[PDB]
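Only one chain is included here, represented as C-alpha cells and corresponding to the form deposited without N-(2-fluorophenyl)ethanesulfonamide (VVG).
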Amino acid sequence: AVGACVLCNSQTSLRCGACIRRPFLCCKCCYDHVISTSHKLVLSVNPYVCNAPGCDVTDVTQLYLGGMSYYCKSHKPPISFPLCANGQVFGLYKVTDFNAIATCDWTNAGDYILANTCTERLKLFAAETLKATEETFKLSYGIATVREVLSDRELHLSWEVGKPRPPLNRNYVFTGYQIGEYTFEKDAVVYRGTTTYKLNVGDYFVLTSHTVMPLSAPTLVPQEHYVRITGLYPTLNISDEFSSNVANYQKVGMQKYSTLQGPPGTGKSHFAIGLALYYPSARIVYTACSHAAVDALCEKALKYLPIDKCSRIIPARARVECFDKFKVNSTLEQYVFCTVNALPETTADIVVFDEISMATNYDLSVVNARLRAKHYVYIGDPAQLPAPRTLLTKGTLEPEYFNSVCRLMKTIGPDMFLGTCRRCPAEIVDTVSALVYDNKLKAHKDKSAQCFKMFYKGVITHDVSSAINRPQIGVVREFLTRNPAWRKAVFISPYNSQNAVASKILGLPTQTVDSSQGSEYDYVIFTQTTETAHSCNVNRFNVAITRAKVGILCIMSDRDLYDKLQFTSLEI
C-alpha cells in the first residue's frame, strides 16, 4: 500500500487505480496524471471514494478530506480540504510521457517509440503495461472445440461464435484441455501436439494467458567504464581461431555492459564462445529469448568448451525438443545455457545475451533481475528481425525502438562490429551492405554467380490474411526442372500460407523469413509473395537473402527491392 513513485521514486501512499499495473504515484506526479487523463481513481490504504453511504463519486478531483475520511462536494463537512489542491493529491510524505504510456492501447508504433525514448523507470512501467495488455487481449479470441479427428497430424475445428479467430501460424501456441501445448497450420487443418495425445473429439484448445510479473531491474544497468580488465583473468594461450576477437574481448572486461552488432555470418556464436576461452576461469551464463538461439550457442560450445562444465537449463514444462548433449538443469556448471523465461536466480562473471533484436524491454529487465554479473554482453543485429508485437497494427516499428540495446546500437552505435560476412556469396553481402549496414559489411566469399532475381508479381490469393502467390510458386517449379542443383533448396517466404502451398507443389523444406533467422542453407528460394509493408520490410528482406551460403533465387513483387538486388536477372 506504501511504495515508491514510478516517475521520481518519492515515497508515497498513492497508487493509480485506473492504470492496469496500479503504479505508486507521488502527490505532485499523481495530480499531473489525474488532471490530464481519464484516470481519476486513486488508491491509498483505502480507495479515494466518497465515504457517505450509497454515494458513487470516485473521481479524486471531485473529492475532499473531512477529518480522516473522504467525501464529494455533496457530502463534505464545512471543514474539509480538496484532495486535488496546489498541483498535488493529498497523500502521505507530501509526466506527459507517463500519461501516454498509461492510457495507450499499444496498437500504434508511437506507443512503442515512447516506451523506448522515455526514462528508465518508465521503460519498466511501459514494458509491464504492454505485456499486461498483450495477455488480456489473448482472452478476446474464441475457443477451438474439435469436431472430427481425421489423422495423427490433421483434424477439423469448431470455432466459438461472436469471438475473433487467432492467426493459425506457429506464432500462436494453444493450450489443450491439460493435454499439453498444441499448434495449427492451414477445411483440413494441421495439428502439432508438444505432448503426443490420441486427439479426443469434443476436447478444446485455449491460448495460455500468463500473469505478467512486475519488473524491478533496469533494461540496462548503468554503464561502468574501467581502466583495467575487471574481475576477469585472460589467457596468453588463446588459439589463432579467436585472435581476431582479442581486442573486443578486452573491451568486454573494461566495461559493465557491451553491445556487439554482428550482421549475418560475421562470427557472433564464434565471438560468444571465444569469450569463454579468452577468460577461461570465468563463469558465463549464455541466454536468448528462444530455445533455438540458446541451442545454437550450445552447438558452438560443444565444439570448443569442455562438455562437463556445460549445462542446458530446461523448464520442467518442456514445450519444444531441446539441446540434449549437456547435463540438464545443473545451475552451478561454469557454462549455463538457458532461455530468458527459464533463467535461475544466480550470479556470473559474464552474461552473454544473444539475438538481441528479438528481445523486448521486458526480457532485458528480467535478465538484469535474475543474473547479478560483473559483465553483460548484448549480441545481435538491429538490421535483423524484432519480436512480433501482436497488438501493433498501425505504423512500422523502426530498429532504434526494438529495445534499449538496439536503441543504443542505432544512435551511439555498437561497442563492437563484426564487419566480414563469411557465409554469403558476395552478391548477397553487397546487397544487404548497401541496404541496412551503410556499406560497412564486407564479403569474405567471391560472387557465387548462383544469385538470381526475377520480377514476377503473379496473383495474390489469401488464406484469411496470410498471402499466397501460386504463379510465383509456378515460376519456381519451372526454374527447378532447369536447375536441378536447387532440388536441395529451402523455400522461404514472408507467409506460412505461401509456404504451405509451396510445400505441396515443390516438396522443398519450407521456412518463413522470421523462422529462418539464425539458420543457413546452401540454396534458398524466396518468393516475396506480396507488396505489403510486411514483405518489403528491409529487416525481413535482409534476413531472407542472408540465409544462403551458395545460391539464392528471389521471385520479387517490389520494384525497389528487386532493382537493389545485385543478382543476375532471369526472364519469363
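Note that the rigid core is defined as the largest set of C-alphas that superpose within 1.5 Å between two forms. Heads up: residue numbers just count along the shown sequence, starting at 1.
A.B. asks: Please report whether at least a third of the other compared entries leave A318 without coordinates.
C.D. replies: It is, since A318 is left out of at least a third of the other entries that model both flanking stretches.
A.B. asks: Report, from the record, the number of residues in the deposited sequence between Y177 and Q178 that have no coordinates, as none, 1 to 3, 4 to 9, or 10 or more.
C.D. replies: 4 to 9 residues are missing.
A.B. asks: Quick check on the record: how many residues from the deposited sequence are absent from the model between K94 and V95 (none, 1 to 3, 4 to 9, 10 or more)?
C.D. replies: The entry has a gap there, with 4 to 9 residues left out between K94 and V95.
A.B. asks: Out of 49-57 and 541-549, which stretch has the higher average CA B-factor listed in the record?
C.D. replies: Comparing 49-57 with 541-549, the higher average CA B-factor belongs to 49-57.
A.B. asks: Taking the mean of the C-alpha B-factors per stretch from the entry, tell me the winner out of 127-135 and 382-390.
C.D. replies: Result: 127-135.
A.B. asks: Out of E531, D514, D522, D32, which residue has the highest Cα temperature factor in the PDB record?
C.D. replies: Result of the comparison over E531, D514, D522, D32: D32.
A.B. asks: Looking at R317, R470, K76, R482, which has the highest CA B-factor as recorded?
C.D. replies: Reading the PDB entry, the winner on C-alpha B-factor is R317.
A.B. asks: Thinking about Cα B factors across the chain, which third does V149 belong to?
C.D. replies: For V149, whose C-alpha B-factor we compare with every modelled residue in the chain, the answer is the highest third.
A.B. asks: Comparing against every modelled residue in the chain, figure out the third that the C-alpha B-factor of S44 lands in (lowest, middle or highest).
C.D. replies: Ranked within chain, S44 CA B lands in the highest tercile.
A.B. asks: Against its chain's modelled residues, does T347's Cα B factor rank lowest, middle or highest third?
C.D. replies: It belongs to the middle third of the chain when residues are ordered by C-alpha B-factor.
A.B. asks: Where does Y401 sit by CA temperature factor within its chain: lowest, middle or highest third?
C.D. replies: CA B-factor rank for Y401: lowest third.
A.B. asks: Ranked by Cα temperature factor within the chain, is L63 in the lowest third, the middle third or the highest third?
C.D. replies: For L63, whose C-alpha B-factor we compare with every modelled residue in the chain, the answer is the middle third.
If you look for the form deposited with N-(2-fluorophenyl)ethanesulfonamide (VVG) bound, you will not find it shown, but the lines that follow are about it.
A.B. asks: Within 4.5 angstroms, counting heavy atoms, which one of the listed stretches 193-201, 146-154, 313-321, 102-110 is next to N-(2-fluorophenyl)ethanesulfonamide (VVG) in the deposited bound form?
C.D. replies: Within 4.5 Å of the partner lies stretch 313-321.
A.B. asks: Between the options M358, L83, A276, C298, which residue brings a heavy atom to within 4.5 Å of N-(2-fluorophenyl)ethanesulfonamide (VVG) in the deposited bound form?
C.D. replies: Spelling it out, the residue with a heavy atom inside the cut-off is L83.
A.B. asks: Which of these residues, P77, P306, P344, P164, gets a heavy atom within 4.5 Å of N-(2-fluorophenyl)ethanesulfonamide (VVG) in the deposited bound form?
C.D. replies: Selected residue: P344.
A.B. asks: Can any non-hydrogen atom of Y71 be found within 4.5 angstroms of N-(2-fluorophenyl)ethanesulfonamide (VVG) in the deposited bound form?
C.D. replies: Answer no; every heavy atom of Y71 is more than 4.5 Å from N-(2-fluorophenyl)ethanesulfonamide (VVG) in the deposited bound form.
A.B. asks: Answer yes if any heavy atom of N329 is within 4.5 Å of a heavy atom of N-(2-fluorophenyl)ethanesulfonamide (VVG) in the deposited bound form; otherwise answer no.
C.D. replies: It does: once N-(2-fluorophenyl)ethanesulfonamide (VVG) is placed as it appears in the deposited bound form, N329 has a heavy atom within 4.5 Å of it.
A.B. asks: Although N-(2-fluorophenyl)ethanesulfonamide (VVG) is absent from this view, report whether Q88 comes within 4.5 Å of it in the deposited bound form, heavy atoms only.
C.D. replies: Yes, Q88 is a contact residue.
A.B. asks: So, in the deposited bound form, is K186 in contact with N-(2-fluorophenyl)ethanesulfonamide (VVG) at a 4.5 angstroms heavy atom limit?
C.D. replies: Looking in the deposited bound form, residue contacts with N-(2-fluorophenyl)ethanesulfonamide (VVG) do not include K186, since no heavy atom lies within 4.5 Å.
A.B. asks: Would you give me the residues of 346-377 that have any heavy atom within 4.5 Å of N-(2-fluorophenyl)ethanesulfonamide (VVG) in the deposited bound form, in order from first to last?
C.D. replies: Read in sequence order, the lone residue that approaches N-(2-fluorophenyl)ethanesulfonamide (VVG) (within 4.5 Å, in the deposited bound form) is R370.
A.B. asks: Only one of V89, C424, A288, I379 shifts by 2 Å or more at CA between the shown form and the other one when the core is aligned; which is it?
C.D. replies: Result of the comparison: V89.
A.B. asks: After the core is matched up, is the C-alpha of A533 off by 2 Å or more between the shown form and the other one?
C.D. replies: Comparing forms between the shown form and the other one, the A533 CA shifts below 2 Å.
A.B. asks: Hey, does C50 budge by 2 Å or more at the Cα between the shown form and the other one once the core is superposed?
C.D. replies: Yes, shifts by 2 Å or more.
A.B. asks: With both forms fitted on the core, check whether the Cα of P77 differs by 2 Å or more between the shown form and the other one.
C.D. replies: Yes, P77 moves 2 Å or more.
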